[PDB]
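Asks: PDB entry and its sequence, pasted below:
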Amino acid sequence: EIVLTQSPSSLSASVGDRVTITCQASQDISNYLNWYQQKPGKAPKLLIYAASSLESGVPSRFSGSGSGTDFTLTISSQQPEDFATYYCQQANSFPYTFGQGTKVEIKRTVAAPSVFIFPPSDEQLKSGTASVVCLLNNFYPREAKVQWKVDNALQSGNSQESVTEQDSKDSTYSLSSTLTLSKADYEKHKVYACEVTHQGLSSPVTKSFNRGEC
Amino acid sequence: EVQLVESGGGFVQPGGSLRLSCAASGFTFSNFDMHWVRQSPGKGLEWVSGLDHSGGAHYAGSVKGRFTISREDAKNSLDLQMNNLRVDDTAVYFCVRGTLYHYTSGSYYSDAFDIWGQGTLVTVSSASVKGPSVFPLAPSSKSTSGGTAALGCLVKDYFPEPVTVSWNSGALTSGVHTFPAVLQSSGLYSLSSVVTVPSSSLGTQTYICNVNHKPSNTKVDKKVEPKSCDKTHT
Amino acid sequence: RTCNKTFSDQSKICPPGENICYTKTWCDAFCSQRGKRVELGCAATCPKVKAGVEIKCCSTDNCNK
Ligand SMILES: [Zn+2]
Ligand SMILES: [Zn+2]
Ligand SMILES: [Zn+2]
Ligand SMILES: [Zn+2]
Ligand SMILES: [Zn+2]
Ligand SMILES: [Zn+2]
Ligand SMILES: [Zn+2]
Ligand SMILES: [Zn+2]
Ligand SMILES: [Zn+2]
């Protein structure tokens, strides 16, 4: 099938910035390429058809170019209402395919997260499961590496993380990560730690606790 | 006014069937190519199926032989019959009108998707309704302190979405972060809500998270009390 | 109040708050393959064209040709 690859997957812009998003098609699609805007909780809206033709009602600061495999969406002056996900889509041949989406987020200065860890509650242990939670508070940009260490050993396949949307007051993110073990597994180990790597920290910050001391 | 309004959304066991419908209004339905596009939570858009004004049916490879698209021109309706449903078919499904553009050379169909309905959610899960267990994320001995203390509620093992969380009956809003739920391998959801507060208030100020599982009979006021670690290993 | 539409099949009935019918002609990015795009309908006032768009407005029932 025809694969569309957008670049970048996320980009930071200020109000007033000129924004460019690329769409690369795995084979020639002539000019049968469309651009959609999508805001959270809402349906996509058509911006551009035929690679450069604006839909009715779309403001002129949106422009499109390209043909064959190489395409570009331009927002010549980023407005507050333009912070959104953009998708390209080919209408050349079945099955119709979409690029993976480009999230346009608000640019601001680097802000290192505050890092907090929470041992499991005695309540939860009674039920046979243990959840350790790591919270990263009010950081920019979104890229943070959160690594669980049990007894100084890297964990994989037993944790999940969730990120807030960009904060309305300071345009930062916060992240919550959960390490989940059976009660029997939790009781085997002594030290639980959350290691956070971020462009705002001069080196990785670790928060840790001893099961048995809490 | 041009309207596509989806109906037939809901929950279905894996291997099960579910028929979606779209009521179109404010255009000559029978003249238009119609399409279904879906979006998995946190992921992007995927074309599922199309039915041309002239009756030709088009399916994405992932859905061919499982999904059936049809139209009733008289009733201005588009239907999608989904079968042998799998967990990975869980998505918001949008009814979509393929463009119909007019030139000196004639009519052209489905160059783009100009009209989207607001979409209906289909959840394919072997889970049935379960209220959350709410555990405190207790503030501690600098383990959750910086000069500011973080505390929170872990809302664990519920189905289906959603839950809402407030703090101190909505009196506490400043510093609150309620995270998107994660779907665990068990097929049950978990989320966390946290707030940063002055660490000096931890003795004295009451902090209660109000957890409402709209889809079950469950609401949970959990009082979050400070817990100590000894740290005499330092 | 009623206007001719792009397609002979759709309702001539104008949305409430219009008595301007229009004929809009322009080259979209398919102009070299398909010719000019053509659109007939109703507008609150004679719509603000962009560069290259031929436009003709009138104000009687089904006058837009
Ligand atoms: Zn070519
Ligand atoms: Zn915060
Ligand atoms: Zn035990
Ligand atoms: Zn161990
Ligand atoms: Zn203890
Ligand atoms: Zn066809
Ligand atoms: Zn039906
Ligand atoms: Zn310790
Ligand atoms: Zn001790």
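Replies: Sure, I can see it. Numbers count the residues shown, from 1 in each chain, chains lettered A, B, ... in the order given. Ligands and ions are numbered 1, 2, ... in the order given.
Asks: need the contact list for residue 55.
Replies: In the absence of a named chain, chain A is used. Contacts here follow Cβ atoms under 8 Å, 6 or more residues apart in numbering or on different chains; on that basis residue A:55 touches A:46, A:47, A:48, A:49, B:112, B:114. All C-beta spots, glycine's among them, are computed from the backbone N, C-alpha and C.
Asks: my question was about chain C
Replies: The contact partners of residue C:55, by Cβ under 8 Å, 6+ apart, come to C:22, C:23, C:24, C:25, C:46, C:47, C:49.
Asks: which of the three states applies to the fourth one?
Replies: It refers to residue C:25. strand (DSSP: H, G, I helix; E, B strand; the rest coil).
Asks: quick check: it touching residue C:35?
Replies: No - Residue C:25 is beyond contact range of residue C:35, at 9.9 Å (criterion: Cβ atoms under 8 Å).
Asks: any buried residues in stretch C:6-23, and which?
Replies: Judged by neighbour count (16 or more other Cβ atoms under 10 Å in any protein chain shown), stretch C:6-23 contains these buried residues: C:6, C:12, C:14, C:18, C:20, C:21, C:22, C:23.
Asks: sort out for me which of the residues you listed are in strands.
Replies: Using DSSP state E, C:20, C:21, C:22, C:23 are the members of these that sit in strands.
Asks: how about those in TSV, adding distance to ligand 4?
Replies: Formatted as TSV, these follow (distance: Cβ to the ion, whole Å):
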residue	distance to ligand 4
C:20	77
C:21	79
C:22	76
C:23	78
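Asks: need those in CSV with distance to residue C:63, can you?
Replies: As requested, these are exported to CSV (distance: Cβ to Cβ, whole Å):
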residue, distance to residue C:63
C:20, 10
C:21, 5
C:22, 10
C:23, 10
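Asks: so which of those is the closest to chain A?
Replies: Distance to chain A across these (Cβ to the nearest Cβ) is lowest for residue C:22, with 12.3 Å.
Asks: for residue C:58, see how far away that closest one is.
Replies: 8 Å (Cβ to Cβ, to the nearest Å).
Asks: what's the neighbour count on residue C:49?
Replies: A count of nearby residues for residue C:49, using other Cβ atoms under 10 Å in any protein chain shown, gives 11.
Asks: just say helix, strand or coil for the residue in chain B positioned nearest to ligand 1.
Replies: Evaluated by Cβ to the ion, chain B has residue B:111 as its residue closest to ligand 1, separated by 16.5 Å. Secondary structure for residue B:111, judged by three-state DSSP, is strand.
Asks: before we move on, back to that, tell me, which of the ones in strands among the buried residues of stretch C:6-23 make contact with ligand 2?
Replies: Residues of these in contact with ligand 2 (Cβ under 5 Å from the ion): none.
Asks: secondary structure element for the residue nearest the centre of chain C?
Replies: The centroid of chain C falls nearest to residue C:40 when counting by Cα atoms, centre = their mean (2.9 Å). Secondary structure assigned from DSSP states H and E places residue C:40 in strand C:37-43.
Asks: so how far is that strand off the chain centroid?
Replies: In this view, strand C:37-43 has its centroid 2 Å away from the chain centroid, taken as Cα atoms, centre = their mean, to the nearest Å.
Asks: and the helices in the chain?
Replies: All of this refers to chain A. A:122-126, A:183-188 (DSSP state H).
Asks: chain C is the one I meant
Replies: Counting by DSSP H, chain C has helices at residues C:31-34.
Asks: so for chain B, the centremost residue is which one?
Replies: By Cα atoms, centre = their mean, chain B has its centre lying nearest to residue B:41, at 5.6 Å.
Asks: and stretch A:147-163, what's buried?
Replies: A:147, A:148, A:149, A:150, A:159, A:162, A:163.
Asks: the closest residue in space to the first one that isn't next to it in sequence bridge partners, please.
Replies: Put plainly, it is residue A:147. The spatially closest residue to residue A:147, leaving aside those adjacent along the chain, is residue A:195, at 4.4 Å (Cβ to Cβ, 6 or more residues apart in numbering or on different chains). Residue A:195 has the following beta-bridge partners by DSSP bridges: residue A:147, residue A:206.
Asks: ok, now which ones touch residue A:195?
Replies: With Cβ under 8 Å, 6+ apart, residue A:195 has these contacts: A:146, A:147, A:148, A:149, A:204, A:205, A:206.
Asks: what bridges to residue 116?
Replies: In the absence of a named chain, chain A is used. Applying DSSP bridges, one finds that residue A:116 bridges with residue A:135.
Asks: actually it's chain B I care about, not the one you picked
Replies: On the basis of DSSP bridges, residue B:116 is bridged to residue B:96.
Asks: that one: how many residues sit nearby?
Replies: Residue B:116 has 22 nearby residues by other Cβ under 10 Å.
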